[PDB]
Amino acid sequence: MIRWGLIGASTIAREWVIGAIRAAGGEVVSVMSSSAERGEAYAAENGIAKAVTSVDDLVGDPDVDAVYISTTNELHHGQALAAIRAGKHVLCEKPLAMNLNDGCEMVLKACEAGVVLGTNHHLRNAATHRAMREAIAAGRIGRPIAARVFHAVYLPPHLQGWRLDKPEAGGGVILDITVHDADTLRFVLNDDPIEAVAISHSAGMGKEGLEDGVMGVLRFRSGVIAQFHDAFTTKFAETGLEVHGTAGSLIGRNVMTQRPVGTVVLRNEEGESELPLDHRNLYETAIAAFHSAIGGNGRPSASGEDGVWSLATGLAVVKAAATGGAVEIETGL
């Protein structure tokens, strides 16, 4: 079996990724946590044989083949570099890095190391998004003209779960949600964004206010214009992703969550019908693709390059919102 080591004893690894690794035929052999106590307790609760408290004891363990990183965002880049230096494959939760030169550097070093580097954008693995991508390529909507993304949800400010715990350094809806919208759009449209405009909302007067909502528009290389709406403050808005074309529209409802749910309708001259979907665990699909890539068959679902694309788009959106100006998206890949 491919044996994984975890960097970050996280909620997402517990809820989704550990089970996904095992479902896809791998095994999770070790977990690294900055805290000895947290790592041991987490190892016992999730059936993992070993807990460590150094990154090097994780990535350097001869019996770890691959590393999954789900620590706080600012730790990703350096922990991925350590794994790559140890010659281990890396699946990294977004973001890869906090800036583009660091993200580009990762992709190059992984390539130079001969290891698989993946960004865990989960949504592009859903059968909903895959159906839309495939229907578009099959001409079922003629030429795509416009896209819409709805990702305005409710995330209580500060959690965790014991109360309103650790400092938790932000840092906003754009870098936490919009980047997933960007990657999913790139997947569905099979095309790249070239510029962004945006307006964002921060709580309380311009400050250390959490950026808690954003709306904007991406211009894609094809000419498609794609709007997005991401927030932490709206309880009663369902998520969605739509693509409107010259001969049809695809309407995805409830398709931007972590769970394998949601519908896609195709509307065209015949009327409306639901596309048939075989829903499957997004994370199971991501791990399977990663395992095939390690095997020298195929690529991760989202590559290091996709992660650089999502980071560049996010950074563009932050700048367009802050400056009021349209910003060109350039990856430096």
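Residue numbers run from 1 along the displayed sequence.
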property	result
Residue range whose averaged C-alpha B-factor is higher in the record, 323-331 or 3-11	323-331
Mean C-alpha temperature factor, higher of 82-90 and 157-165	157-165
Most elevated Cα B-factor in the entry, residues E238, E242, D192, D183	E238
Largest Cα B-factor, entry values, listed residues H77, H129, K207, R253	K207
Ranked C-alpha temperature factor of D278 among modelled chain residues, by third	highest
Third of chain Cα B-factors occupied by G262	middle
Modelled-residue ranking by C-alpha temperature factor, third containing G304	lowest
Modelled-residue ranking by C-alpha temperature factor, third containing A152	middle
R143 - Cα temperature factor, lowest/middle/highest third of chain	middle
